[PDB]
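>>> My sequence and its experimental structure, below.
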Amino acid sequence: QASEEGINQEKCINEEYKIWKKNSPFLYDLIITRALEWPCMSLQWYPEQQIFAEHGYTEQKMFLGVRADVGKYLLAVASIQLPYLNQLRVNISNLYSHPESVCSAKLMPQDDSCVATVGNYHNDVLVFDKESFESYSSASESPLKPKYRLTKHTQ
Amino acid sequence: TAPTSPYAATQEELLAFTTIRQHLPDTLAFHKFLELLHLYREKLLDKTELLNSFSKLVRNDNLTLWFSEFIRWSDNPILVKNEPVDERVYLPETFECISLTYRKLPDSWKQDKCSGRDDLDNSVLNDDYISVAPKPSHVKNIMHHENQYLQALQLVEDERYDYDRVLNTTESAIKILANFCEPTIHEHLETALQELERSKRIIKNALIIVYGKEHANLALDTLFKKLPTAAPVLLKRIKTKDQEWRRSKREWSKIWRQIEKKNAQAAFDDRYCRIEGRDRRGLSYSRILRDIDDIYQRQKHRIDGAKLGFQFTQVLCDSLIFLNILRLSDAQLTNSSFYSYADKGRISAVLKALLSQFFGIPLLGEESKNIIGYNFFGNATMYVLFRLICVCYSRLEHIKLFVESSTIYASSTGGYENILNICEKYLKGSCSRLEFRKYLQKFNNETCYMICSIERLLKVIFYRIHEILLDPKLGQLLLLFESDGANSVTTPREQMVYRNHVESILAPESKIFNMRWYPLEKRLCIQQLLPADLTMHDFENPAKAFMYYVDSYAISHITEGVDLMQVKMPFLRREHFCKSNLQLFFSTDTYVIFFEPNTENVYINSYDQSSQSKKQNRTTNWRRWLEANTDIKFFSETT
Amino acid sequence: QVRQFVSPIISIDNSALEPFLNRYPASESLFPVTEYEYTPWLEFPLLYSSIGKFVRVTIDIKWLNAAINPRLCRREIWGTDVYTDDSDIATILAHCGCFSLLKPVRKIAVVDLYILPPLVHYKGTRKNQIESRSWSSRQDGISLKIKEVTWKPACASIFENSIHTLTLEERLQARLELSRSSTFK
Amino acid sequence: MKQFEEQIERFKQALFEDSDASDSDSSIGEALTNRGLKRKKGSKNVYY
Amino acid sequence: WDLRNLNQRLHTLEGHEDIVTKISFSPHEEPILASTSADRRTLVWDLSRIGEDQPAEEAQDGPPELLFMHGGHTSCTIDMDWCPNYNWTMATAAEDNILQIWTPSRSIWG
């Protein structure tokens, strides 16, 4: 009996889908849909930018924290192609496993290398820096360790 | 010369309106003006709003005033009062019943007296029981009066009655007034003035007829005073009117006689008339459509537990009856007068084709056909055509069965066939209708009364078919039919793309009608499909259902089987390099879409003081709208 | 500089009906006699014996849609502020100004209507873009007037909200499971 | 301009239209009441 | 909310018919505000349209200070962020493992 409601609901979710998909070329000037591996808990745009004028685009950067699974909690960096006005893919890379969960991962405004990460699973704030990302090696069995551990809270 | 219709457009108003359109600088402005008028007609456009838009399109004051004068506009406080009706008009049905219709009276109603009752009548008459008739509530099969040759006679009789009452009134008034006109009238006036009070009504009615209900009182008074010189002018007028009306009645009685002859003969048949009237009132285009629509609407919402499915079902057994119908059709077609020489061939061909192709009438590895029901998709015209054909078939077949099973006219070799040959004769013009009907009367049967309706049914059918032959969208449609008469056993996707073709060939507004043929049972089923409806209602297992759905989601313009009453549109109703890498993943038990990872979809379209000033207007209007150490800190931070 | 015209005012004097509206006292007119579930095929009975009491109708959300309801377009409403008992209750709501036809509604309605003796004249006036018709002959039913309209705080429970009660990560883990088997592409 | 004249006449007829009228093509048969079936071409002549 | 008048809600924007979760301003123009909610939509409001007039049919989509509405997702959108290097562009991550980079047409705001 509850199936009926759930399946109807899922179906109109699908409905909204291609009814947005169908009239997209009359609504947007750009659409890039990416089916990443994992659920991305957060995103933050990167203020540094590459401009490939002769090639004809720009790449921006993105910082994601995703879960692969329960307990598999990871971070990644993406490069994003935007087209050029003045005269096309989403690339995942830089994937480092996190010690515990990420609910919010904020990078310092005037220095990208640092990221304060916290999650719904721990009361400790873990702040990462240059060396922590660059001393990590994807071949290693252990995750990173942040620049500092900040703990005052109990939740 | 040419006749003026009621409330016909006058010349002044047509002149003024064409000058209005001329002042309107564009034909687009004229079209907008027609739109204003039409939207006011369709109860979406108010009066004052019509005036306002008219002025904001005409930009001229005198024409606005002329419109407000033509629109008959008046701004006053509309007063609405609600007055209940008197207690005695409904109170009876609260009285303590005694029988079905007789209800005991309450003491407050046995409290008024009749003053001429003696001691007898206070013991015979009934005092405390009323007769409260019963009240229908929601009658839903209304009978009509079908005899239309009886009502013409009744109209003749009413018209001559109305002439008579008038002529008689003017006669009597002429008599009295002419009595009041003489030389010696001034002498003995108080006697004539007494024969006028005793006859005031006849003269009042004569005045009402000759002048009107406004001048009647005037003339009556003015003659009560100035009698011996008012009487002659009235007499002259009334005699002139009388003469002309008598002259008119003569010349129209010239015609009443012919009416009475013809219809008096042909009006002693309340058998033929009920049948024919109910028939003709049944097979009206809009009535057919409304019937099927009502049934469909009752299904969609499950009002009485009725679930969706088919709305019309009927079995067509014989295969020769169709050839009989074709025979009758061609017989009548050679004797019509609407269509030119080639349309006869066209319509005969179209009927033959749609009969043979669809109905499959000749003009462990083979059952797959009889298991696949053949599908036809069309619009209202096709549905009406097929309803007519099924009705004609049903009536012919009932005729044949009744001729055969009934053991009186079956004893002849071809009684049914005799009927067929007689109808053949008649439809070509070789026999008239009187012999036809009197010969029909031999059967004494309403079931055999039903044979005459074939001419009407065929006329409607020919009309539909012809309007299809001029329907330029017909071709593909029937051609599409031809196409789907070649498959062996269809997989859904073919039928769905067929249906999408059909639904596309029509305008965006239309319905679809689905007609399905089961040659195993030889059954015709009809249904009505709107955008988001299921074409195949029966699935024997959830896996089959999921398969058909996914196929539909793939191809079908709008997913079949989804509750449109629940969709909520997700947007407000207001050198390029593109690469698509997306696979729609489905579950088979929850229908959730997933995506296979590493999917890229990109859409690219290659094609300031305004923004800052809008920002500033925001700041300004919003600030205009607007008008503890915390305030200390803030005011340290303010400017 | 455009001329601006003002459509007139509309005044309603339901003062003669006062002995009926107040026939029964308050505190003893709490329960409607009978209750109906609106559908475009609803027909009240004759209710002569209970004049001065009220009934309770219940309208679903789909019925208040000018596209689903077929009766909404025929304009079957006679009267102003007191209507014949043939009138379509949806049109009564939309004409007495309890919702708008252009914006779609999202709640269940519970309407409570009065029962009133017939009237001598039913006046038809245009409001909210709904032009109720007029009846000058004698009516044979009774009349209805809106006593009060109450909307349902919860009409239906969209399942994405019932699952919205669950925690993000928890419900997200069951998401991954469904993504595994899926039995098809 | 014949079509325009027909349009003007149609608009005049719409203005001319009475406050209360019968729109449905089907008329009221015998039917002995008007409840339910008003707007039925002659239902002003019928009552209890 | 405005800090010199905190006794009073500055204004209230309507249009989501269940829980709204998260919001963000545009780092290029201030009058543009983005909001994400549980009904699978993200709404963009141009606040320069307080108090404006709107036609009858224009009132269907919501108050006139509503600008745009994006619903290409299929579940609760997790979060958003504006790309600060390009105008009118935003990236949204949702619960169904989907990322969306999108910017509306010029025509609505140009």
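Looks like it arrived, so ask away. Numbers count the residues shown, from 1 in each chain, chains lettered A, B, ... in the order given.

>>> The residue nearest the centre of chain D: what secondary structure?
Computing the C-alpha centroid of chain D and ranking residues by CA atoms, centre = their mean puts residue D:22 first, at 2.7 Å. When classified by DSSP: H, G, I helix; E, B strand; the rest coil, residue D:22 comes out as coil.

>>> wouldn't it be in contact with residue D:40 here?
Yes - using CB atoms under 8 Å, residue D:22 is in contact with residue D:40, at 6.4 Å. The way it works is simple: take the backbone N, C-alpha and C, and place the C-beta from them, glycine included.

>>> can you give me how far the longest helix seen in chain C is from the chain middle?
Ranked by number of residues, the top helix in chain C under DSSP state H is helix C:168-178. With CA atoms, centre = their mean, to the nearest Å as the basis, helix C:168-178 stands 42 Å off its chain's centre.

>>> same thing with stretch B:611-630?
On CA atoms, centre = their mean, the centre of stretch B:611-630 falls 59 Å from the chain's centre.

>>> isn't there a helix covering residue B:480?
Yes - according to three-state DSSP, residue B:480 belongs to a helix.

>>> what about it, distance to chain C?
Separation of residue B:480 from chain C (CB to the nearest CB, to the nearest Å): 30 Å.

>>> ok, that residue - contacts?
B:377, B:498, B:501-502 (CB atoms under 8 Å, 6 or more residues apart in numbering or on different chains).

>>> Looks to me like residue B:88 is in a strand.
No - looking at residue B:88 with three-state DSSP, it is helix, so not inside a strand.

>>> now the helices for chain D?
D:2-16.

>>> Those residues of it touching chain B, which are they?
Contact residues, chain D versus chain B (CB under 8 Å from any CB of the partner chain): D:1, D:4-5, D:7-9, D:11-16, D:25, D:27-33, D:35-37, D:48.

>>> make it 7 Å
Counting by CB under 7 Å from any CB of the partner chain, chain D comes close to chain B at D:5, D:8-9, D:11-14, D:16, D:28-33, D:35-36, D:48.

>>> Can you report how many residues neighbour residue 68?
You didn't say which chain, so I picked chain A. For residue A:68, the tally of surrounding residues (other CB atoms under 10 Å in any protein chain shown) stands at 14.

>>> You answered for a different chain; I wanted chain E.
Using other CB under 10 Å, residue E:68 is surrounded by 21 other residues.

>>> Which of the three states applies to it?
Relying on three-state DSSP, one would call residue E:68 strand.

>>> Nearest spatial neighbour of it, chain-adjacent residues omitted?
Distances taken as CB to CB, 6 or more residues apart in numbering or on different chains place residue E:44 nearest to residue E:68, at 4.1 Å, with adjacent residues excluded.

>>> what does residue C:158 give?
Among residues not flanking residue C:158 along the chain, residue A:9 sits closest, at 6.7 Å (CB to CB, 6+ apart).

>>> How about residue B:462?
Leaving aside its chain neighbours, residue B:462 sits nearest to residue B:347 (5.9 Å; criterion: CB to CB, 6+ apart).

>>> Contacts only, for that neighbour.
Residues near residue B:347 by CB atoms under 7 Å, 6 or more residues apart in numbering or on different chains: B:333, B:339, B:462, B:465-466.

>>> And the residue of the stretch 251-400 of chain B closest to chain E?
residue B:301 (24.7 Å; CB to the nearest CB).

>>> Please identify the residues of chain A in proximity to chain B?
A:6-8, A:10-12, A:14-17, A:19-20, A:23-25, A:27-37, A:83, A:88-90.

>>> Just the ones in helices from the contacts of residue B:480, please.
Among those, DSSP H puts B:498, B:501-502 in helices.

>>> circling back to that earlier point, for the residue nearest to residue C:158, the count of nearby residues, please.
Residues lying near residue A:9 (other CB under 10 Å) number 19.

>>> list the helices and strands whatever helix or strand it lives in packs on?
If you go by DSSP states H and E, residue A:9 is part of helix A:2-22. Contact partners of helix A:2-22 among helices and strands, from 3 or more CB pairs under 7 Å, 6 or more residues apart in numbering or on different chains; DSSP states H and E: helix C:159-162.

>>> Give me the contact list for the helix it packs on.
Identification of contacts with helix C:159-162 by CB under 7 Å, 6+ apart yields A:5-6, A:9, E:18, E:38.

>>> repeat for stretch B:411-428
So stretch B:411-428 is in contact with B:324, B:327-328, B:331-332, B:334-335, B:399-400, B:403-404, B:409, B:431, B:436, B:439, B:451, B:454-455, going by CB under 7 Å, 6+ apart.

>>> try stretch B:278-290
B:146, B:380, B:384, B:387-388, B:453, B:456, B:460.

>>> In a helix, residue C:32, correct?
No - using three-state DSSP, the assignment for residue C:32 is coil, not a helix.

>>> related to what we said a few turns ago, wait, does the longest helix of chain C contact chain A?
Yes - judged by CB under 7 Å from any CB, helix C:168-178 comes into contact with chain A at C:169, C:172-173.

>>> Kindly report the same for stretch B:304-321.
No - using CB under 7 Å from any CB, stretch B:304-321 stays clear of chain A, with a minimum separation of 14.2 Å.

>>> and the closest residue to chain E within chain D, what does it touch?
Taking CB to the nearest CB, chain E has its nearest neighbour within chain D at residue D:14, 22.9 Å off. By CB under 7 Å, 6+ apart, the contact list for residue D:14 reads residue B:41.

>>> do residue B:382 as well
With CB under 7 Å, 6+ apart, residue B:382 has these contacts: residue B:513.

>>> sec struct for it, please.
Assigned by three-state DSSP, the conformation of residue B:382 is helix.

>>> What distance do you get for it to chain C?
For residue B:382 relative to chain C (CB to the nearest CB), the value is 23 Å.

>>> Just want the most central residue of chain B.
By CA atoms, centre = their mean, chain B has its centre lying nearest to residue B:286, at 5.9 Å.

>>> what do you get for chain E?
residue E:44 (2.1 Å).

>>> Which part of chain C gets nearest to chain A, residue-wise?
Nearest to chain A, among the residues of chain C, is residue C:159, at 4.3 Å (CB to the nearest CB).

>>> That residue: what's its closest spatial neighbour, skipping adjacent residues?
Using CB to CB, 6+ apart and skipping the chain neighbours, the partner closest in space to residue C:159 is residue A:9 (4.3 Å).

>>> show me what contacts residue 33?
Using chain A. B:582, B:601, E:98, E:100.

>>> Not quite, go with chain E.
With contact set as CB under 7 Å, 6+ apart, residue E:33 has these partners: E:23, E:25, E:45, E:47.

>>> Validate this expectation: it resides in a strand.
Yes - counting by three-state DSSP, residue E:33 is part of a strand.

>>> what's across from it in the sheet?
Beta-bridge pairing for residue E:33 (DSSP bridges): residue E:25, residue E:45.

>>> distance of residue B:293 from chain C?
In terms of CB to the nearest CB, residue B:293 sits 8 Å off from chain C.

>>> Surely that residue forms part of a helix?
Yes - assessed with three-state DSSP, residue B:293 lies in a helix.

>>> circling back: is it possible to mark the buried ones in the residues of helix C:168-178 next to chain A?
Restricting the residues of helix C:168-178 next to chain A to buried positions leaves C:169, C:172, with burial counted as 16 or more other CB atoms under 10 Å in any protein chain shown.

>>> what's around residue B:571, how many residues?
19.

>>> Isn't it up against residue E:71?
Yes - using CB atoms under 7 Å, residue B:571 is in contact with residue E:71, at 6.5 Å.
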